[PDB]
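*Asks:* Please see the structure below; I have some questions.
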Amino acid sequence: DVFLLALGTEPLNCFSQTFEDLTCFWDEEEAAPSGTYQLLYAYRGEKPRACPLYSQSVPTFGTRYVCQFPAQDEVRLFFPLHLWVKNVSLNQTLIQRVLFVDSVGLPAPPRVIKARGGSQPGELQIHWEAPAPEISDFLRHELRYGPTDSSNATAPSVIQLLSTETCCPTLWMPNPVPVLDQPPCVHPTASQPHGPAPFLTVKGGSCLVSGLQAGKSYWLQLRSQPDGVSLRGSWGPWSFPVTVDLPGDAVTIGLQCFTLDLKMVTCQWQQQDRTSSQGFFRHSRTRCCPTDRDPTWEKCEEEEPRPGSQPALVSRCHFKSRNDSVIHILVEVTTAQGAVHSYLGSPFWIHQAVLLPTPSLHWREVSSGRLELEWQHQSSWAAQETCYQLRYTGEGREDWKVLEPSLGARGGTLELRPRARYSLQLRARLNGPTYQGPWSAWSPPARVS
Amino acid sequence: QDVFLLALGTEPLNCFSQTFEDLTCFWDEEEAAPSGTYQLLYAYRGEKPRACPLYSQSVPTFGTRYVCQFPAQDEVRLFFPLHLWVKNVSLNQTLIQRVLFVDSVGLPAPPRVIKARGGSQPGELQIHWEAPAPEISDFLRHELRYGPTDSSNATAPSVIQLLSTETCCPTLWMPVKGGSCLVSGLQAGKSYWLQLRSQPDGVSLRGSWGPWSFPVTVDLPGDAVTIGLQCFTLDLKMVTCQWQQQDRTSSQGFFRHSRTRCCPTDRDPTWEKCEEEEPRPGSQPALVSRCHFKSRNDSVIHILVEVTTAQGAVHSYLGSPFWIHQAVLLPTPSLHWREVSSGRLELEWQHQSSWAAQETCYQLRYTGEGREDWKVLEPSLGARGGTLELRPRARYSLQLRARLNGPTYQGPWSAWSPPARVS
Amino acid sequence: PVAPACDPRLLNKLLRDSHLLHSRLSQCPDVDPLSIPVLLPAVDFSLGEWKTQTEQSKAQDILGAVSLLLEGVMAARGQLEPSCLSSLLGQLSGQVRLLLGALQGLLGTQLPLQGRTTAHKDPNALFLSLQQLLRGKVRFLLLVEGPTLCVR
Ligand SMILES: *[C@@H]1O[C@H](CO)[C@@H](O[C@@H]2O[C@H](CO)[C@@H](O[C@@H]3O[C@H](CO)[C@@H](O)[C@H](O)[C@@H]3O)[C@H](O)[C@H]2NC(C)=O)[C@H](O)[C@H]1NC(C)=O
Ligand SMILES: *[C@@H]1O[C@H](CO)[C@@H](O[C@@H]2O[C@H](CO)[C@@H](O[C@@H]3O[C@H](CO)[C@@H](O)[C@H](O)[C@@H]3O)[C@H](O)[C@H]2NC(C)=O)[C@H](O)[C@H]1NC(C)=O
Ligand SMILES: *[C@@H]1O[C@H](CO)[C@@H](O)[C@H](O)[C@H]1NC(C)=O
Ligand SMILES: *[C@@H]1O[C@H](CO)[C@@H](O)[C@H](O)[C@H]1NC(C)=O
Ligand SMILES: *[C@@H]1O[C@H](CO)[C@@H](O)[C@H](O)[C@H]1NC(C)=O
Ligand SMILES: *[C@@H]1O[C@H](CO)[C@@H](O)[C@H](O)[C@H]1NC(C)=O
Ligand SMILES: *[C@H]1O[C@H](CO)[C@@H](O)[C@H](O)[C@@H]1O
Ligand SMILES: *[C@H]1O[C@H](CO)[C@@H](O)[C@H](O)[C@@H]1O
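These protein sequence lines are chains B, A and C, in that order. Residue numbers 27 to 475, in the deposited numbering, belong to the letters of the first sequence in order. Residue numbers 26 to 200, 228 to 475, in the deposited numbering, belong to the letters of the second sequence in order. Residue numbers 23 to 174, in the deposited numbering, belong to the letters of the third sequence in order.
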């Protein structure tokens, strides 16, 4: 309720919501018959005039009297307004106040709040339409959020919203009747809609809250205050709660994705009994305030040549890539009872995901028990800068010797007991600053000695 | 370009104004005529008509045009309707009629006295201009085009809008009203030409783009990495920098620092003189220069160096900017080692300068007796030396280097420690 | 402390609302001349005189221009019978009454005198005159001189 928030520390309180309307009220514990009160008003240099008062019973605070000012010309922002409350028969000014309407604004909370999981696990994209569009240029905004499973917690975690490269408090959001083919982050910019001749559109705002823990439901609330530069006022009431279910971090299913050739990306994730899953992907150039449309996704294609190997624990999938932008990925799992869940993978550049295949491990003994290590020359564009890693142990042993040479280095060298049995294994990552590839799968172990 | 060709537009009896205290109207005709045949009459709303003194010019391969500029004898009022009639005097017939608001036509002149310089960091272009007519200077928007002078012709010149930001100021007072703006992303070391033009802002005064200015050549300084500039600071109070020498040349360096990225001044940047080392004690060959000056920890540092040839020409080079914590020249570490067994040793550090040593990024290498095959390690941020292995009691030696990469600081690579025989 | 008119978003809002209100005149069925003419302010000015007039004179003249516009608009509303056109003129009176208060919040109350006047009869002149005054002397004053007025 709005009336509660306007009372403050004054005997007589008014508030304007659109800055072209006005209502004023005062409270007393007692009650009186009709005609016993008048809320006289006048702006500087006028004959006094009467507000069309009406009365309302509120036993919580006795009796409350309310008037609504004629919106035509009786509300003026920057001129001083005199207010007199008196019993007409007794004719004594019980309450007197002088008010500038620009200083008591109570803005309505945004309507048609829509929200969805953002670009990353824990991102929360909010899109809202502002009531009273003509004043939305002059408003601050505040957000609450808290988990559904924390009724005991006095933790709204209020946060204030302000303009950044990733937050847009106000935008002339594009289209009443959009089509999904529209490029991301399109808005009329300097070509603001010139009324109903182009599309007269919601004049809303949308931006991402960050840092939430993923994979569970949140309730959300939004409110506003005039920023006080030229229009001043107090915080308005909150909007009605809306609930958003964030996707979980794909790390919980062991999602791994990579490319071996800079043109095709392979993804894999685990599975559960009585469950099935499918994969998705997308690309986007830059972070910017999203449009209202839900993110587009494209299906991934299964690896299986029908091999019969049956590694039943994992699903593996592939799709052709591009290197113009960061890549996003998504995975959904379906239960036996038909329910579905969503998991969102961490974004990466393609060059941060290059998993060059297992290396051409090569070795040559300088002497019995001392050998150099190297690689059979191939894939020089990547092999020349990748970060090899290796381990080795003796016959039947489980004690590990380890080596990690410099970026793009040869296999280096190793030592061992002369003519004693040994074996080694290696893996690599494209860590040379030309690329940023992740750990590739280990090569097969080889009894190099 | 020429103003008449931009004015020509799409309507008979064209008009234009360059300062909104002037007005010129003209029209082109297919066939010439003797003098006195036509007259230009005008009248601001609610006034009796008067005549404009015309004159004529030949049009290249198109004919002849009659032109009048509104005489200085009367004032030009902007937001005030103006009627224009051109009369055939022999017939007293109106040939073209137009209704005009002086604020509705405009071709603002390009800014005169353009000057430009190398910016604060490589690839930046400083631009300074004085308004050609200062009263309207705030009611205008400008756009900028530039291209390389070699005419390599990979592409036609790019154009950007000069919108007001923290860095670019379409309007400023200067000790004469004008503006300044900073443009970035240009290719360093190569010379550029520059052009500017402006249009009325479309809210108070309305019109279109005026003519481009004359091209001004700007010699952007090169990125100093091409001459091997490297600067470092052992401690916050002093900065040392060095750059590669050239045989037939002499050179000197200078420095500057700032807290902010405001619109730049008219006057050239006031560098502070860096001071050289003792040369003869330092290096008789002097294959690479060196310089030092006192520093601070409150600001970003910019450094510029210049070189002169034995022929007498001069070239300038601009170094990359850095925060002081990105430039910490931590000295060589106190490398420490201890063998857990013969041929297997842990590595650590002799405790000192913990305020920096506790988070720095060590790096090391080692090899055996008479060998040139390098073993390497790279542990985590602030880590101890870790461990290494070798043949029992065999000869080995090691060396290390470090950078202050722990997110408490952002320092660059320091020089290597001396190689030391540990086995 | 700081005057309300010194926020540029306020002037931009005034301009947008004025141009929206002017365009809306095309929608309602018909417009006919006012039976008795209406007095509107002197919006015309030359850049030659504007650069030499004293700042106090500019403020004193612009306040009177807005006041005379308001007086004309109130007379027009008094003359016209209840209809859509009268509602549009009321809504425009709202714009003018906002503008006058915004200007008084910065320039202070200073004794205005009338300039030259034109007794218009087309009801479109009031929207047009408001828009001309807003684009002209108002924004001219608030941009050329503004930063020196707004501090204290
Ligand atoms: C972006 O990704 C594409 C592929 O997704 C990369 O294209 C690759 O470019 C290299 C170098 O040009 C190609 O190698 C060359 O192949 C030709 C035969 O087509 C051969 O004659 C050359 O000697 C050389 O080996 C490679 O084939 C090509 N890959 C594909 C799948 O077309 C591209 O380099 C990446 N970056 C950019 C900036 O495009
Ligand atoms: C900006 O740089 C100055 C140096 O130019 C920093 O001054 C540093 O101030 C601290 C105390 O505030 C000094 O710490 C002292 O160090 C001695 C050993 O040198 C120790 O025995 C004392 O107990 C005390 O810890 C420090 O020496 C001094 N210089 C350096 C290089 O750290 C100043 O701190 C810097 N700015 C800020 C905001 O820290
Ligand atoms: C009403 O109160 C006013 C203010 O004190 C006083 O001047 C006036 O005489 C009283 N009576 C009437 C009838 O106005
Ligand atoms: C109860 O409080 C705990 C904090 O100790 C919180 O983690 C939990 O979600 C709350 N549960 C409910 C139902 O309020
Ligand atoms: C030309 O004709 C107009 C009427 O169309 C008339 O008013 C005007 O006086 C004539 N010109 C002269 C010089 O008399
Ligand atoms: C080619 O160079 C000339 C200057 O010699 C220039 O006028 C022209 O625009 C250039 N064309 C392209 C496509 O760069
Ligand atoms: C490769 O894999 C290891 C885990 O085995 C990661 O911790 C590391 O960051 C890299 O991605
Ligand atoms: C230290 O020095 C190396 C070159 O030897 C750089 O590539 C590295 O980025 C760091 O600045």
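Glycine included, each C-beta is placed from N, C-alpha and C at the ideal position.
Give the residues of chain A in contact with C/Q154, contact being defined as C-beta atoms less than 8 Å apart.
*Replies:* Position 132 of the third sequence holds residue 154 of chain C. Neighbours of C/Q154 on chain A, chain order: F104.
*Asks:* Could you check the C-alpha separation between A/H388 and B/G420 for me, to the nearest Å?
*Replies:* Here residue 388 of chain A refers to the residue found at position 336 of the second sequence. Here residue 420 of chain B refers to the residue found at position 394 of the first sequence. Cα to Cα, the separation comes out at about 30 Å.
*Asks:* Helix, strand or coil: which one does DSSP assign to A/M199?
*Replies:* Numbered from 1 along the second sequence, position 174 holds the residue referred to as residue 199 of chain A. Coil, per DSSP.
*Asks:* Give, in chain order, every residue of the stretch 414–443 of chain A whose Cβ lies closer than 9 Å to some Cβ of chain B.
*Replies:* Answer in chain order: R417, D425, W426, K427, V428, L429, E430, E441, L442, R443.
*Asks:* Distance, Cα to Cα, A/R348 vs A/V28?
*Replies:* For this step, residue 348 of chain A is matched to residue 296 along the second sequence. For this step, residue 28 of chain A is matched to residue 3 along the second sequence. Cα to Cα, the separation comes out at about 53 Å.
*Asks:* Only counting the same chain, and skipping five residues up and downstream in sequence, which positions put a Cβ closer than 8 Å to that of A/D47?
*Replies:* Here residue 47 of chain A corresponds to residue number 22 of the second sequence, with the count starting at 1. If we look at A/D47 and ignore the five residues flanking it on each side, its Cβ neighbours are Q94, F95, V101.
*Asks:* Once DSSP output is grouped into helix, strand and coil, what is the label at A/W110?
*Replies:* For the purposes of this step, residue 110 of chain A is taken as the residue at position 85 of the second sequence. In this structure, A/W110 counts as strand in the three-state DSSP scheme.
*Asks:* Tell me the rounded alpha-carbon separation between A/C194 and A/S232.
*Replies:* As a first step, residue 194 of chain A must be located in the second sequence, where it is residue number 169. As a first step, residue 232 of chain A must be located in the second sequence, where it is residue number 180. Rounded to whole angstroms, A/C194 to A/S232 spans 5 Å at the Cα level.
*Asks:* Residues of chain B with CB closer than 7 Å to the CB of C/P26, please, in chain order.
*Replies:* Within the third sequence, the letter at position 4 stands for residue 26 of chain C. Within 7 Å Cβ-Cβ: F104, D128, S256.
*Asks:* Could you tell me if the beta carbon of C/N34 falls within a distance shorter than 8 Å of some heavy atom in ligand 5?
*Replies:* As a first step, residue 34 of chain C is located in the third sequence; it is residue number 12 there, counting from the start. No; taking the cut-off as 8 Å, the Cβ of C/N34 has no heavy atom of ligand 5 nearer than that.
*Asks:* Using the Cβ count rule (16 or more neighbours within 10 Å means buried), how would you classify B/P136?
*Replies:* Taking the first residue of the first sequence as position 1, residue 136 of chain B is located at position 110. The residue in question, B/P136, is buried, as its Cβ has 16 or more Cβ neighbours within 10 Å.
*Asks:* Using a Cβ-Cβ distance under 9 Å, would B/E400 count as near chain A?
*Replies:* Position 374 of the first sequence holds residue 400 of chain B. Taking Cβ atoms only, chain A never reaches closer than 9 Å to B/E400, which makes this a no.
*Asks:* Would you list the residues sitting across from B/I185 in a DSSP beta bridge?
*Replies:* Here the question's residue 185 of chain B lines up with position 159 in the first sequence. Per DSSP, B/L169.
*Asks:* Any heavy atom of ligand 3 within a distance shorter than 8 Å of the CB on B/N113?
*Replies:* Here residue 113 of chain B corresponds to residue number 87 of the first sequence, with the count starting at 1. No, since every heavy atom of ligand 3 falls outside the 8 Å radius drawn around the Cβ of B/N113.
*Asks:* Consider the Cβ of C/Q75: report whether some Cβ of chain B lies at a distance smaller than 9 Å.
*Replies:* Translated into the one-based positions of the third sequence, residue 75 of chain C becomes position 53. Not closer than 9 Å to any Cβ of chain B, the Cβ of C/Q75 fails to qualify, so no.
*Asks:* Does the beta carbon of B/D53 come closer than 9 Å to any beta carbon on chain C?
*Replies:* On the first sequence, residue 53 of chain B is found 27 positions in, with the first residue counted as 1. Answer no: the Cβ-Cβ gap between B/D53 and chain C never drops below 9 Å.
*Asks:* So, is B/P337 buried or exposed, given that buried needs 16 or more other C-beta atoms within 10 angstroms?
*Replies:* Translated into the one-based positions of the first sequence, residue 337 of chain B becomes position 311. Exposed, because fewer than 16 other Cβ atoms sit within 10 Å of the Cβ of B/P337.
*Asks:* Closer than 8 Å, Cβ to any Cβ of chain C: which residues of the stretch 94–120 of chain A, in chain order?
*Replies:* Per Cβ criterion, the list reads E100, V101, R102, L103, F104, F105.
*Asks:* Can you give, in chain order, each stretch of the beta strand (DSSP E) that sits fully within the stretch 329–367 of chain A and has at least 3 residues?
*Replies:* Here the runs fully enclosed are 343–346, 352–361.
*Asks:* Just checking my contact of A/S351 with A/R311 at CB under 8 Å: how many whole Å lie between their CB atoms?
*Replies:* Sequence index remark: in the second sequence, residue 351 of chain A carries index 299 (1-based). Sequence index remark: in the second sequence, residue 311 of chain A carries index 259 (1-based). Indeed they touch by this definition, with Cβ atoms about 5 Å apart.
*Asks:* If you scan the stretch 57–83 of chain A from start to end, which runs of the beta strand (DSSP E) of 3 or more residues do you find wholly inside it?
*Replies:* As far as the stretch 57–83 of chain A is concerned, its whole beta strand (DSSP E) runs of at least 3 residues are 63–69, 75–77.
*Asks:* Determine, using beta carbons only, whether B/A409 comes closer than 9 Å to chain C.
*Replies:* Within the first sequence, the letter at position 383 stands for residue 409 of chain B. Chain C contact via Cβ: absent.
*Asks:* Is the beta carbon of B/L234 less than 9 Å from the beta carbon of B/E149?
*Replies:* For the purposes of this step, residue 234 of chain B is taken as residue 208 along the first sequence, with counting starting at 1. For the purposes of this step, residue 149 of chain B is taken as residue 123 along the first sequence, with counting starting at 1. Contact flag set, yes.
*Asks:* Taking Cβ positions only, does B/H220 come closer than 9 Å to chain C?
*Replies:* Taking the first sequence and counting its residues from 1, one reaches residue 220 of chain B at position 194. Cβ-Cβ to chain C under 9 Å: yes for B/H220.
*Asks:* Of the residues B/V291, B/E358, B/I355, which one's Cα is nearest the Cα of B/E329?
*Replies:* On the first sequence, position 303 is the one that residue 329 of chain B refers to. Considering only alpha carbons, the answer is B/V291.
*Asks:* In terms of alpha-carbon separation, which member of A/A365, A/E56, A/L33, A/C293 lies closest to A/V130?
*Replies:* Translated into positions along the second sequence, residue 130 of chain A becomes position 105. Of A/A365, A/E56, A/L33, A/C293, the residue nearest in Cα terms is A/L33.
*Asks:* Determine the DSSP secondary structure at C/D83, reduced to helix, strand or coil.
*Replies:* Start at 1 with the first residue of the third sequence, and residue 83 of chain C comes out as number 61. Note: C/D83 maps to helix in three-state DSSP.
*Asks:* Can you tell which of A/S265, A/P471, A/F51 has the C-alpha that lies nearest to the C-alpha of A/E36?
*Replies:* One-based indexing of the second sequence puts residue 36 of chain A at position 11. Selected option, being the one with the closest Cα: A/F51.
*Asks:* How would you write the range of the alpha helix (DSSP H) that A/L116 sits in, first residue to last?
*Replies:* Position 91 of the second sequence holds residue 116 of chain A. Counting along the chain, A/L116 falls outside any alpha helix (DSSP H), and DSSP gives it neither H nor E.
*Asks:* With 9 Å as the threshold, decide whether the Cβ of C/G158 is near any Cβ in chain A.
*Replies:* One-based indexing of the third sequence puts residue 158 of chain C at position 136. With 9 Å as the cut-off, C/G158 counts as an interface residue toward chain A.
*Asks:* So the beta strand (DSSP E) B/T49 belongs to, where does it begin and stop?
*Replies:* Along the first sequence, read from residue 1 onward, the residue named residue 49 of chain B stands at position 23. It spans 49–54 - the beta strand (DSSP E) in which B/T49 sits, taken as one unbroken run.
*Asks:* So A/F41 packs on A/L132, CB below 8 Å; how close in whole Å?
*Replies:* Numbered from its first residue, the second sequence carries residue 41 of chain A at position 16. Numbered from its first residue, the second sequence carries residue 132 of chain A at position 107. 5 Å between Cβ atoms; contact.
*Asks:* B/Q410: which of B/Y418, B/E400, B/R417, B/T227 sits nearest, CA to CA?
*Replies:* Here the question's residue 410 of chain B lines up with position 384 in the first sequence. Considering only alpha carbons, the answer is B/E400.
*Asks:* Using a threshold of 9 Å, state whether the C-beta atoms of A/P383 and A/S302 are closer than that.
*Replies:* As a position in the second sequence, residue 383 of chain A is number 331, starting the count at 1. As a position in the second sequence, residue 302 of chain A is number 250, starting the count at 1. No.
*Asks:* Which whole-angstrom value is the C-beta distance of B/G241 and B/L206, which I expect to be below 8 Å?
*Replies:* Translated into the one-based positions of the first sequence, residue 241 of chain B becomes position 215. Translated into the one-based positions of the first sequence, residue 206 of chain B becomes position 180. The pair is not a contact, with the Cβ atoms about 27 Å apart (cut-off 8 Å).
*Asks:* Whose C-alpha, out of C/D39, C/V24, C/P26, C/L43, is nearest the C-alpha of C/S109?
*Replies:* If you number the third sequence from 1, residue 109 of chain C lands on position 87. Residue C/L43 is the option with its Cα nearest to C/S109.
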